[PDB]
Amino acid sequence: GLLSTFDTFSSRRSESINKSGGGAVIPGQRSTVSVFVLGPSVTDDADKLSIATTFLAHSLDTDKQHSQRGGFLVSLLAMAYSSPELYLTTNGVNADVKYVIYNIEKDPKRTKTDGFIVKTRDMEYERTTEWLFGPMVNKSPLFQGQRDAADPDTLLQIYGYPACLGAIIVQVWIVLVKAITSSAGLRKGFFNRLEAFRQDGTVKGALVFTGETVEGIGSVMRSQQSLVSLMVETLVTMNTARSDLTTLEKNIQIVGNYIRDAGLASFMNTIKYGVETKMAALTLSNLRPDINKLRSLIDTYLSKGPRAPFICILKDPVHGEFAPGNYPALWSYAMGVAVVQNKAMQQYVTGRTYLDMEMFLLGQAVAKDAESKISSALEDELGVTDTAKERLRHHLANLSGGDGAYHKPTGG
RNA sequence: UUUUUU
């Protein structure tokens with residue numbers, strides 16, 4: 001009643017101050033990026049794969065400007081579509097850069113640059129063509145090479161060019177999985193993510209990115225928010241509901257299911273361990289303002305729609321409010337609960353200036369305690385006999401010692 | 001600011 005205004009002030013203040021300015025938008029500074037699409041002249045699968053590998057090798061070049069490397073990655077991702085310019089128009093609209101679409105055209109008469117020529121409408125460019133299809137020194141190998149490994153040409157005549165292009169593009173997306181939010185665990189995380197695809201057969205051994213390629217692609221993604229926006233846009237605006245989804249689009253949706261909520265790890269896990277567990281420690285007043293904050297944050301997330309999982313890799317305006325430093329006691333509690341209840345969360349960096357050590361240790365204590373972690377909420381539905389309740393406590397005691405041992409917060 | 005897993 002009287003205290004209703006204070007309880008709803010977090011949600012009301014967030015709605016009141018996050019209202020967008022609106023009106024006309026002043027355009028800012030944007031780089032002009034050359035994106036190369038394949039014209040109908042390039043009907044050779046081998047030529048198409050060579051162009052894809054050239055795009056990938058140009059993206060990796062250190063000397064090339066990051067925006068241009070991002071445009072080579074954009075070219076590569078547009079190769080997956082029959083109309084690449086339609087793809088760039090629907091998913092390529094951003095204020096970060098202006099995409100200048102060039103066409104790669106294959107001419108039998110011209111053997112000057114591998115039978116290729118870059119032409120925009122009537123005009124044809126040779127300076128750009130020698131730059132793009134010229135001999136470029138690879139700082140590091142583009143793909144991993146192993147003994148007794150099927151060659152790409154053999155793999156391309158056996159598995160179609162869609163399969164090879166899908167391998168390459170899926171791997172670019174797998175890079176995005178951790179390029180932005182975990183830049184130090186990008187190589188390990190890439191090969192961990194890539195392991196499912198390799199067993200699946202989506203990525204064959206001849207087209208598996210090297211670590212250097214993964215590091216190079218991740219740097220371009222960290223610098224180019226336009227490329228990340230195009231990928232996030234492709235994931236959101238893709239018509240997943242329609243059954244007719246290309247193997248590549250299906251795999252991109254898999255990778256994007258891995259990209260969802262990157263950077264929001266603490267928000268998601270705070271909800272999962274701090275409030276979803278529903279332990280008696282939630283009755284503390286330390287967590288009450290942070291529970292209100294998290295309630296408003298859930299509304300902010302669920303209002304952001306399908307782009308809510310990407311607010312942190314996209315550097316969204318509201319993304320900084322999902323930072324745990326806005327709900328540090330509830331976050332520390334949930335982090336304690338999570339390091340006890342989840343093995344994987346013990347490698348999550350919880351050693352932070354705002355880690356409430358008493359809330360952290362309290363989460364560990366209630367998560368480790370049999371009386372604390374058993375709820376009567378579901379006992380009526382389950383029809384639990386008192387012998388079973390006592391039996392459950394006996395099982396918990398045997399399964400976990402909980403002899404006053406705490407998890408130290410993992411540092412960065 | 002980010003950082004686990006999937």
# chains A, B, ... in the order shown; residues from 1 in each chain; ligands from 1
>>> interface_residues(of="chain A", to="chain B", cutoff="10 Å", atoms="only C-alpha atoms (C1' of nucleotides)", output="VMD selection string")
chain A and resid 178 180 to 185 193 257 to 258 262 to 266 269 312 to 313 315 319 to 320 323 338 to 339 342 to 350 410 to 412
>>> residues_around(residues="residue A:91", least_positions_apart="2", cutoff="6 Å", atoms="only C-alpha atoms (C1' of nucleotides)", output="PyMOL selection string")
chain A and resi 87-89+93+230+233-234
>>> select_by_dssp(residues="stretch 92-233 of chain A", states="strand (DSSP E or B)", output="ChimeraX atom specification")
/A:97-106,116-120,123-125,143,209
>>> closest_residue(among="A:351, A:228, A:253, A:362", to="residue A:274", atoms="only C-alpha atoms")
A:362
>>> select_by_dssp(residues="stretch 220-408 of chain A", states="helix (DSSP H, G or I)", output="PyMOL selection string")
chain A and resi 220-223+225-237+247-259+265-275+280-283+288-303+305-310+317-322+324-326+328-341+344-347+357-368+379-382+386-399
>>> closest_residue(among="A:32, A:103, A:296, A:333", to="residue A:16", atoms="only C-alpha atoms")
A:296
>>> residues_around(residues="residue A:17", least_positions_apart="5", cutoff="12 Å", atoms="only C-alpha atoms (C1' of nucleotides)", output="ChimeraX atom specification")
/A:9-12,317-318
>>> residues_around(residues="stretch 145-162 of chain A", least_positions_apart="2", cutoff="8 Å", atoms="only C-alpha atoms (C1' of nucleotides)", output="PDB file with C-alpha atoms, in the first residue's frame")
ATOM      1  CA  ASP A  45      31.309 -25.379 -57.342  1.00  0.00           C
ATOM      2  CA  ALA A  46      35.152 -25.562 -57.233  1.00  0.00           C
ATOM      3  CA  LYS A  48      32.697 -21.015 -55.544  1.00  0.00           C
ATOM      4  CA  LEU A  49      34.729 -22.846 -52.871  1.00  0.00           C
ATOM      5  CA  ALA A  80      25.134 -19.059 -48.416  1.00  0.00           C
ATOM      6  CA  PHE A 143      42.597 -24.658 -42.382  1.00  0.00           C
ATOM      7  CA  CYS A 164      31.580 -27.364 -47.753  1.00  0.00           C
ATOM      8  CA  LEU A 165      30.303 -23.789 -47.656  1.00  0.00           C
ATOM      9  CA  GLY A 166      28.123 -24.777 -44.716  1.00  0.00           C
ATOM     10  CA  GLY A 205      38.451 -32.580 -41.401  1.00  0.00           C
ATOM     11  CA  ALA A 206      39.661 -30.668 -44.447  1.00  0.00           C
ATOM     12  CA  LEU A 207      37.675 -27.512 -43.638  1.00  0.00           C
ATOM     13  CA  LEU A 248      23.203 -24.377 -43.146  1.00  0.00           C
TER      14      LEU A 248
END
>>> residues_around(residues="stretch 53-55 of chain A", least_positions_apart="3", cutoff="6 Å", atoms="only C-alpha atoms (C1' of nucleotides)", output="list in words")
residues 50, 58 and 72 of chain A
>>> write_last_selection(atoms="N, CA and C atoms", output="PDB file, in the first residue's frame")
ATOM      1  N   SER A  50      36.690 -21.899 -53.977  1.00  0.00           N
ATOM      2  CA  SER A  50      37.908 -21.100 -54.013  1.00  0.00           C
ATOM      3  C   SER A  50      37.627 -19.662 -53.605  1.00  0.00           C
ATOM      4  N   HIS A  58      41.203 -13.505 -46.756  1.00  0.00           N
ATOM      5  CA  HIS A  58      41.285 -12.051 -46.733  1.00  0.00           C
ATOM      6  C   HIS A  58      40.780 -11.495 -45.412  1.00  0.00           C
ATOM      7  N   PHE A  72      34.717  -8.975 -45.731  1.00  0.00           N
ATOM      8  CA  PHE A  72      35.022 -10.276 -46.317  1.00  0.00           C
ATOM      9  C   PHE A  72      34.279 -11.388 -45.594  1.00  0.00           C
TER      10      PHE A  72
END
>>> atom_distance(atom1="atom CA of residue A:261", atom2="atom CA of residue A:309")
4.1 Å
>>> residues_around(residues="residue A:271", least_positions_apart="3", cutoff="12 Å", atoms="only C-alpha atoms (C1' of nucleotides)", output="ChimeraX atom specification")
/A:264-268,274-278,282,290-295,297-298,322,324,327,330-335,337-338
>>> atom_distance(atom1="atom CA of residue A:130", atom2="atom CA of residue A:112")
8.5 Å
